[PDB]
Each structure stands twice: as C-alpha cells, then as structure tokens.
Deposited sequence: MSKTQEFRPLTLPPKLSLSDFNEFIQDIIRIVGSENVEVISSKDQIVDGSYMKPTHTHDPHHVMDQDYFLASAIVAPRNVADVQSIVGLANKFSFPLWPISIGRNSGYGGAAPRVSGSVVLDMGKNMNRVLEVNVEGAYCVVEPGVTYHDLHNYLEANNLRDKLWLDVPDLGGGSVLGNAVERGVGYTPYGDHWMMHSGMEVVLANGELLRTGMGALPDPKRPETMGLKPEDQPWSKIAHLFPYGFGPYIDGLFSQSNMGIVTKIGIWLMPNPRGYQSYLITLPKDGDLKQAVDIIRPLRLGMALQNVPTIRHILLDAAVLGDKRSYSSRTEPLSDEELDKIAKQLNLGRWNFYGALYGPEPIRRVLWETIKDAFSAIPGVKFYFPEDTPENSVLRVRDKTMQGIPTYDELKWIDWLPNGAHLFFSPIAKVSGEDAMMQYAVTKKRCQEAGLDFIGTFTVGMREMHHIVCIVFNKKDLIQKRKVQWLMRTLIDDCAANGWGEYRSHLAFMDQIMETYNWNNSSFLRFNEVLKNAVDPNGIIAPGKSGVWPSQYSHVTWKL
C-alpha cells in the first residue's frame, strides 16, 4: 500500500513500499494493513495507545502484519534486517494501561502474532501443563478445556479479564489470582525467533525429541518437544529464559504454562475492613499468613473506589468536579456493604483442610473491630466477590472492565510500585501516592496483590482521554510518583510506553550498571536493532539516546 502516516527512522518511502510489497507477497494482502481509531476492548486496536496519555497518534504504527505461521515470522524478520525496519511484536494487544498494542517507536510494523498463530498446541493431563501460541486468550483456553471435559482435572489462572494473551501476559511477567498466579513462574519450554532469524527453544526445549518415522522432515517450527521440555524449566547450562520477558531479545512463538490440578475443594471469600487505616493492621496480619501457606493464592486488597466503579460511574455517587472527601467514601462504604479496604481471598483443597485454614484466617482478622466475613452466597448478586469467585478458580470474566468508566471517556494507566508485605510500608506507599493524586485532582484507586514477600500496588489512574488539561496532569502525576517512590526505595514492576525510559532510569544503582549490561546483550543479538527498539528503556546503538528517550 501507497503512503503511510509515519515512516520508521532513516527509511525512505521507496523502501517502505518495496518492503510492504515483499511482505504482501509472503503473507498475502489479507494479512497486511497499512495506516494512511480507538475502538474497544473486544475489538482491540493494533495501531496506537487506546487509553492514550500522550497525543493519540504519538505512538503509532506504520503497518500491521499478521504472520500466518512460524516461517512467515522468519521471512518478515529476514526482511526487517535487510531494510532496518523496526518490528513491534504483539500477541493479542490488550495491554491497555501500559500502551496496548502501540510501538514505542513510531513507524514500526506491529506484528499481529495472535491473529493467525492461534492454536492451543497441547494440553497434557498427567504433567498438568499446556503449550500455547500467541493468539490464545485466557477465554480461548477456557473454552478449550470445557469443550474437552477438562475443567474437571485442570484449572486456569486468569488476570482480571479474559481477553488477554496467555503467553503475552506471561512474558510481561503479569499476575493472576490462584496458587498459580505468578504467570511467568509457571512457564517451561519457550519457542523464540531471534533477531537474526533463527529459531530457538529454551530449557529442555533444547533437548531434541528422538527421531521416529511420524516426525521426519517436519519443519523445526512444527516439531514435537521432548518429554521433559514443559516439566522442568532449567534444562542445562545458563538459564536464558528470563531474557525474553520484558525484553526485545526475542519474538516468542510458543510457551508452556503449567496448569493447576483441580484442588478437590473450593471456596472464595471477602473480609471487609471498616476504616481507611485498617490497611495497616490488615497487611500486618496477611504477612505471617502468606509466608506460612494459610493463604494459598494471590489475594487482593481493594480500594473502595475499585468496587464502587465496577458497580456505577462517578456521576451516580457525587456530582463533584474535585476528588472525593474522606467522609464521602465512608458513605460509599456503608452504602455498598463494603469497607474502605476489602480483602478477597480463596481456599483450595479438601474440606478438612479448608476448615482449619478458614478458622485461622477468621480468628486473625478478628483483632480488627467491626470486621465482617462473607462467602459469595452471603452477598448481593452484582457483587465484586461474585465475580472474583470465578476469577480465583480460573474462570474468565469481563465485569471488571466497568471501572474504567469512572470518568466520562474513561482510560486507565497503571502506576505499579512494589511494596513490602508490612503494614507500615504499605501505608507509606499509600500516603505518598494518595497525596500526589489529590494534587493532580484525581481520585485514588488501587489494589495490593499479595505475593509471598512482595505486594504489587496497582495504582489505577483513570482519566478523561479527551480532556487535554487532565491528560497533562496525569503525565505530571506519573512522572512524579515514579520519582517520589524511588526517593523512598520503591520501583515499578512494569511500565507504560511513555514511562519505560524514566522507570528504567530509576534502577540506576552504580551508575546504571543494569541498563549498560542490558544494552550490551541487546547489541550482540540484534546487530541492526530491529526487534522492539526502546522496550524497557533498552535502546540498540543505532538509536540515539538524545533523540529517543522520554
């Protein structure tokens, strides 16, 4: 196709054309869209940032290509090398709040790996795992399990929503809510196309399945894995798996994810915490309970405005233009039957064991006056618990999409520091975050998701994506929480596109030895710097720091 809206850097129009002509020859014109519209969650955009904090067309694709299979990927990459054409690989592109499917560098070909590379590759029962291609959503896989009577033997692990890529999310090191909630941790045996075009599998993926007649002359892409590939991550030698999560080191085409066996007993629950300051003692209680396997999963501590926004928009609670007061949140608390904070957990296993745990948990949260315990049955039917009852047993839902509409043309953006699993520290993070929010005039909205020794603090910034004063005030808000949080020893675990640079600039111990060593590994595997340049602040040498850093 003829003439695009932004060309990649140093590339003439002539080339872009002799390039996209060559891509069209391989993939067919059906699998190429050249850009010369925000959409929705269900039909996600592949061109730009749908919850945009910078101008709408700031991070913008030049093309979008949907490779049919692994070989088309090698063919594309070969070409990208020949033309020095940056590539932005996506799986589903539902990475909203972090940029969605937009390229960090405008002009890049967005690689729609998920459109056609779709297959649930294997579901293995006795080894309790699955292999997945980029195009399998959480829902795709769920329906795979149901339509195979498999929901009786194995369970999933889902984020808040069901539309996200299984492998896409995992390489982002994202987080879910059962005992198998550490998604990256649950991987074994990845397949990757390298910057140079070669296919690599990792771990025991590197151990070939022994020759037999059935598998002869199969393209490497299409070859089976040897037994232990998806059972043991480490293989032998240096353990390079993690070079492919939050990286531009590779394009991931296959991943193994371990699936949790049906526990033979399930029960979700809600603990409501009356006062705002009950976060402090709550976290303090969750701490020995996490480290000692009374809490089996990844429980969440939600802010009252998180649940409030799922149920109804802002305009239905107050007409005010400024943020909500402390009295007015107690009013939304007493209203919905929730606390200021709300702690959602789940128990897994046979009744005998659930029994003891639950008494231990109840009897621990009892030192907080006015506390209240609910099973899903006890609550209203539109309740958030009644949604997370599904979420913490591996069932994909979409109800939690509703909080994005807490403001007119709603858009979210995550500020995601990590805090100690100590009540003192969590308050500190809160008060530091809560303060700047009120300065930018945003309401505070967030969850703590409870890891073993860590808490992901998801500060949910919603903003009117068509209010230009406010978008700029969020930018100022973000850039400041980052710096503030650092000045207090907190770094963010994951980053939006426009804060990649700054957040990375945050981990500068010993004069940025981490980024330097990272850069070194980038230039070695991607000589011409074509895979996802700029991702996580890692820039190859042909991209000037002065020109490209934000």
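- Unmodelled regions of the deposited chain, listed from N- to C-terminal end, are 1-5, 42-46.
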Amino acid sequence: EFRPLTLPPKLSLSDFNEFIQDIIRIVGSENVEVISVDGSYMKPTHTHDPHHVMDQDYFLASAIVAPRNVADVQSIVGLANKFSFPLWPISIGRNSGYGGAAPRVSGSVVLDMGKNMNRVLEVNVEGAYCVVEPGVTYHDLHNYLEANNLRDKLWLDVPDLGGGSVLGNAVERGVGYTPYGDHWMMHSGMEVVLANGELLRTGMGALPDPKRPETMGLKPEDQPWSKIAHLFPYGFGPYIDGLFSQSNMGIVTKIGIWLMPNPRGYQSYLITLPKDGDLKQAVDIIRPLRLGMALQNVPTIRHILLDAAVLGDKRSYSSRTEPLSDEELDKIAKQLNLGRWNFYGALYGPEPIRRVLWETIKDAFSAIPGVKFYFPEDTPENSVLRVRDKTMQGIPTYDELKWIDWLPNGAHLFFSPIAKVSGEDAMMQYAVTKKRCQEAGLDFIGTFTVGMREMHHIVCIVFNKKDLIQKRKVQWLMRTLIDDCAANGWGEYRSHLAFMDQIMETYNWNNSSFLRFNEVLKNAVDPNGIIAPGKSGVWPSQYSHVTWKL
From here on, numbers count along this sequence of modelled residues.
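- When the mean C-alpha temperature factors of 310-318 and 408-416 are read from the deposited coordinates, 310-318 comes out higher.
- The PDB entry reports B-factors from which the mean C-alpha value can be compared for 232-240 and 151-159; the larger average falls on 151-159.
- Within the listed group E454, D326, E191, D182, the record reports its top CA B-factor for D326.
- Highest CA B-factor among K522, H496, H48, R516, as stated in the entry: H48.
- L199 sits in the lowest third of its chain by CA B factor, as recorded in the PDB entry.
- In this PDB entry, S62 carries a Cα temperature factor that places it within the middle third of its chain's modelled residues.
- For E146, the recorded CA temperature factor ranks within the highest third of the chain's modelled residues.
- When the modelled residues of the chain are ordered by C-alpha B-factor, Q542 sits in the middle third.
- In this PDB entry, the Cα temperature factor of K372 sits in the top third of its chain's modelled residues, the highest group.
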